[PDB]
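Shown below, as structure tokens, is a lone chain in the form deposited in one PDB entry; questions about how it binds or moves come after it.
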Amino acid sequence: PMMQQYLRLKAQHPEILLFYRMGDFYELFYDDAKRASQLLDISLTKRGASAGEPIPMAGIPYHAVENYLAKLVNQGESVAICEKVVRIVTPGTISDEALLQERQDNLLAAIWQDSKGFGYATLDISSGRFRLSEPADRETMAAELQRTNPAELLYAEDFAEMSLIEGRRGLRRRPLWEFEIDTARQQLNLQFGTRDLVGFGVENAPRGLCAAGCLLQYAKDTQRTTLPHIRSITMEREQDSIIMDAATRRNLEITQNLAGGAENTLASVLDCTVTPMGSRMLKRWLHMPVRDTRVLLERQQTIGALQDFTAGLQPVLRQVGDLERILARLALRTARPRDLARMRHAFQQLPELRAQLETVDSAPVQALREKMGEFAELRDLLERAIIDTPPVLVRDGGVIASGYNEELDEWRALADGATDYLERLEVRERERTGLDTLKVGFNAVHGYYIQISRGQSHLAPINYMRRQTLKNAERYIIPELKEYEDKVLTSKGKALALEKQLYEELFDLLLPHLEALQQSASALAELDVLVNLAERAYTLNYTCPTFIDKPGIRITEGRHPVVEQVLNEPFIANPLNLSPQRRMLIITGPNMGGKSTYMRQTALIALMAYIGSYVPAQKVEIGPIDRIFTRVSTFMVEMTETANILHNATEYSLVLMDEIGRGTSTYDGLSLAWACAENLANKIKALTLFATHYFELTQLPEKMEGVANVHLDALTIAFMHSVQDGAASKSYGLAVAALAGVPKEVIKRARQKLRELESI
């Protein structure tokens, strides 16, 4: 009967480690101890046993286990905690603030492999944000697993390309019944309360519904709740956003710099959001730029309309905090008293924001104002039910405010030491009995009593039950008074238990508003983003981009939004004109000329325009952009990226290609660079910026339509960082080499070779 209370629910998911209650020290057994002690080096022990075969043990002490949660969970392992197992922690299902990262989303994902493609579904437990997609090929699944980057990945038993999910943290093998399409529909439809999955536009996508269905059960089974925050699933269409492979996200340093850090990136410049849920939304937008023109226009309107009012809106938005992750704990019933105190504090800012946005003459602003609600009755409820600054946990007490419930206020008075009933009883009894010496008292000896002095004692009524005889007086008890003592002795207990019950009641009172509450969390997150982008555009001097109906980019005095911030010396803004009549530019000129910076700034201004933000330029006109491609074992990996561009670019794609042809012979390289420039020019007809050192490619504009020459000017070598019309005058390879420090005689002799080379 000892061991039979921990394996009760472990039989369902056997990979889960269990911190068992044993001698006020969280322990483990049956090879769970082997890992706990394997990747942590902690004390491997044995427990007393005489059944004929040995018992394995490995432990840790109480209030010295929270640091072992985050370590094992960030490692990729799951942890259950027996007390009853009142907590299961899995890498993709963490709802607690301490384990999560404030400005990074955390995902649970499930992958599937059908006889016509894959099934991929993702969920954030702390948002309720549920997505699904149908990648038909390995290369797209690779790009999806790299972008979503789940902390916990569910895969079927029969999964075929386990190479895609090899060497991954938080991996989970699952039986085929979890993925069954018929039951997945039943599960999902009922989770969203629907007859068909149309309206979410996922009904006709069965590969992804399997992965959705498996995941939904794995979330329910580990979080043991209704999961009310998960009310919808959404397919992400490629046409709906700007496609970018993992290479482009890396070369454009969107949220991560080339060295792994976060410093000196597009997000480090634009992300000045005042809430964690805002920061998270902004980073999401940067990685998924929208192709919807109206969403983008409503986004610019909010930026322009709220620019003057940032100073008043941001300190208020700061006070809202991460309502999103607070509501997730309300949905999972895990919400601590401080979560509810902070939710009230967020609610106390909605009148301010509503009053502030009231006169803003903008339909999308007025739309955010409505969506963010006010929740007048819910604010009042939390003001009345919780104390101003409550404790971290419920159990000790002191959470429920005085005045919310009279029985609590009553119970608390007996626990504090209120003697009002005793004063009332005393007057009643004295007047009732007509004995002036009658007094109500208490001693450890006989408890609560009615004392009558010897001289009146013999006239004590027949209902008085004597307990003590002193020389001066006698002391009695009555049913009424016995009943009061019992209440006084159970006071703290009853009050502590009632607090707990009234605390639960609040969840019941709050949850039927979760939908409206989730829209408010979203409205306020988004508000913080566009108010951030409003302030950024003013401070970092940005203009509103213009949308045109054909492939093309027209940038006037454009800048690199990160380089301009990093540099001490001023940024030299440059123009660009890409149109259906001028599609490809052969960018020539010296090293440190500004070729890379010019190409990347084009991709970032394009990206920013496609997040609804104002851009770093005097003026921008941009057409549809379906994809941003950068090509900016060396030759082999450059050609792999090149083949990706040639196989997937369209007339709506932006192609940035730097020095293609390097890493091979001059002839082979030139041949290859020419072939590629030719293909992207006359066959693909993408918006190409093609940086080269082969001055032979400068003959292409003379040879074909849509191609033209530009160069980075350099002046005895001074880099001017200005893009000019025409092919570059000469080669500064020897001058740059001289500046890098290459010996005089080495440069002098290389100049002699140069004479001989151009003299043949």
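Throughout, rigid core stands for the largest set of C-alpha atoms superposing within 1.5 Å between the two forms. Just count from 1 along the sequence shown to find any residue number.
Only in words, not in the display: the form deposited in another entry, which the text now covers.
A 2 Å or larger CA shift between this form and the one not shown, after fitting on the rigid core, occurs at just one of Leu100, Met281, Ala156, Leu332, namely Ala156.
Comparing the forms between this form and the one not shown, the C-alpha position of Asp322 differs by less than 2 angstroms, with the core used for superposition. After superposing the rigid core, the C-alpha of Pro351 moves by less than 2 Å between this form and the one not shown.
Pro545 is not among the residues whose C-alpha shifts by 2 Å or more between this form and the one not shown once the rigid core is aligned; its shift stays under 2 Å. Relative to this conformation, an increase of 3 Å or more in the Cα-Cα distance between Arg336 and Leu9 is found in the other entry.
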